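Protein chains in written order, with the entry's author numbering: chain H, 2 to 52, 52A, 53 to 82, 82A to 82C, 83 to 100, 100A to 100L, 101 to 213; chain L, 4 to 27, 27A to 27B, 28 to 95, 95A to 95B, 96 to 209.
Cβ coordinates follow ideal geometry from the N, Cα and C atoms, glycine included.
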Amino acid sequence: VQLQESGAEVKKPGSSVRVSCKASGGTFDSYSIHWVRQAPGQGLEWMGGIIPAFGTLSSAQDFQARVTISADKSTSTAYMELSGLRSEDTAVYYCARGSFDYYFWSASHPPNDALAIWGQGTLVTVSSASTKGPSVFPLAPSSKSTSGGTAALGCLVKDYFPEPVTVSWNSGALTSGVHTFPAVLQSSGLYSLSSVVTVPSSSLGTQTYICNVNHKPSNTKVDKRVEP
Amino acid sequence: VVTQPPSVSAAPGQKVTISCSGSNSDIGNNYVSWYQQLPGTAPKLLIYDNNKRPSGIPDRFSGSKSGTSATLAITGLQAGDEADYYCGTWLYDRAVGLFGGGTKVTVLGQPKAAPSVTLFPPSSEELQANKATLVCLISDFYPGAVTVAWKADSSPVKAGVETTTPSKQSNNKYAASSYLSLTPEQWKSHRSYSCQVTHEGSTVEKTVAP
Ligand SMILES: CCCSc1nc(N[C@@H]2C[C@H]2c2ccc(F)c(F)c2)c2nnn([C@@H]3C[C@H](OCCO)[C@@H](O)[C@H]3O)c2n1
């Protein structure tokens, strides 16, 4: 039902990446697996595909000599390795599962296969700048952040590299009124972002608020208590 | 390359049409599928087998093919249809996949919205690490363009200010954030600091004091 991809990472120019695609709540069976990339603010680009049941693979002409597409049958994990990494290889790497069951395939009849299930994507950043975990600071609710009624409180995720950083509240239980803002890039080359949550003003002395900051490139998770 | 128009626009409730132009070797001899990508989301399958729809996909989306050219159509164009749309093919002969350039769908006549502004002062924990950041968060504005100016008391501060580009939210409104980097000393030296947000000639100003 889902395609669980490996975490975002920085990778040095000239190095190689291996992105994992794990199927959860379902197995590869006889469906195709495809790697599709998207550079920030750019289109989708097909890289290569495999039918894990057969071990039969293909890659785009532009990647043929740098991409290695593989798959493990049982476990149900597919891999895409891309070598000689360059700044132009910075992109979100998606894995996707086809709709067609290739056990019923007849080679004289092309199938109506399409990219039915997609992974969330892993952002590979190709840079010679090294990884940095974030510094997480609480953004306390005060009378200057109150609107009635409701009250705004948040977390400041300062000086991290590379992107992304995800933020949830109360271990995912608090989803209503959450606004995680896109990061700013400082002149230092480090990023910072903020996450806010609009809660009822009356619950400020009775409800605990913790923002859960995930920085997968540094394998950091900061659970920051936001008190009044 | 499979060509798509970069931008397509229509008002709420009418019909929009997305073209996918190719050649015989790509679109011509093979099946075209359609993909939708909302901002920040992974692509989603809308149309497969030139015209068929997967489960959950509303009937407002339809697909067609005429040789080297394919078309996606949207009827009763909603606010939630504002996304990026791609056509994709599989070259059966060569065993290769190909996506068109992608089209951005913009919905016309969206009402103007005043920005919602929240300003946060430095946290005492940040101040203890001998650094200070003022956090100005801007949300629910339309059109997606604001101007941010910061002030120390009432004097203009240009240095140590980092503002993002405006970003589209899930409610088709826009958001942006501006940060003012200070030393704890400068923060305490002044009696106040302001973040002024201008949008459509009107300003929403917030203040924080030590
Ligand atoms: C060797 C590659 C196996 S992956 C594969 N995928 C097929 N369908 C792809 C999903 C659909 C698709 C649609 C739109 C896109 F934009 C996109 F990127 C992808 C597919 N259809 N036919 N085949 C045959 C199977 C056969 O390989 C197995 C024996 O070598 C080869 O002839 C392919 O052309 C597909 N394979």
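- For the stretch 183-202 of chain L, the set of residues with a beta-carbon nearer than 8 angstroms to any beta-carbon of chain H is empty.
- For residue 36(L), the residues of chain H that pass the 8 angstroms Cβ criterion are 45, 100L, in the order they occur in the chain.
- For residue 91(L), the C-beta contacts it makes with chain H under 7 angstroms involve 100J, in order along the chain.
- Fewer than three beta-carbon pairs drawn from the stretch 15-24 of chain L and the stretch 166-176 of chain H are found closer than 8 angstroms, and the two stretches are therefore not classed as touching.
- The straight-line gap separating the alpha-carbon atoms of residue 166(L) and residue 82(H) is approximately 31 angstroms.
- Residue state for residue 82(L) is assigned as helix, using DSSP reduced to three classes.
- Excluding five sequence positions before and after residue 205(L), the CB atoms of its chain that fall closer than 6 angstroms to its own CB belong to 116, 118, 194, given in chain order.
- Going by beta carbons, residue 136(L) and residue 191(L) fall outside the 7 angstroms limit.
- Residue contact check for residue 161(L) against chain H: a CB pair falls below 7 angstroms.
- The three-state secondary structure of residue 49(H), taken from DSSP, is strand.
- Residue contact check for residue 106(H) against chain L: a CB pair falls below 7 angstroms.
- Ranking 133(L), 42(L), 32(L) by CA distance to the CA of residue 72(L) puts 32(L) first.
- Exclusion of the five residues before and after residue 181(H) leaves 137, 139, 164 as the residues of its chain whose Cβ lies within less than 6 angstroms of its Cβ.
- Using a Cβ-Cβ cut-off of 7 angstroms, residue 50(L) is close to 100I of chain H, given in chain order.
- Inclusion of residue 93(L) in the 6 angstroms shell around ligand 1 follows from its C-beta lying nearer than that to a non-hydrogen atom of the ligand.
- Contact with chain L is found for residue 103(H), since one of that chain's Cβ atoms lies less than 7 angstroms from the residue's Cβ.
- In the displayed model, residue 32(L) falls within coil according to three-state DSSP, outside both helix and strand.
- In terms of beta-carbon proximity, residue 137(H) lines the interface with chain L, with at least one pair separated by less than 7 angstroms.
- Interface annotation, residue 124(L): in contact with chain H, CB-CB separation under 7 angstroms.
- Going by C-alpha positions, residue 197(L) is about 6 angstroms away from residue 147(L).
- Listed along chain H, the residues sitting closer than 8 angstroms to residue 43(L) by beta-carbon distance are 91, 103, 104, 105, 106.
- Assignment of beta-bridge partners to residue 139(H) by DSSP yields 124(H), 181(H).
- Residue contact with chain L for residue 11(H): absent (no Cβ-Cβ distance below 7 angstroms to any residue of chain L).
- Listed along chain H, the residues sitting closer than 7 angstroms to residue 117(L) by beta-carbon distance are 130, 137, 181.
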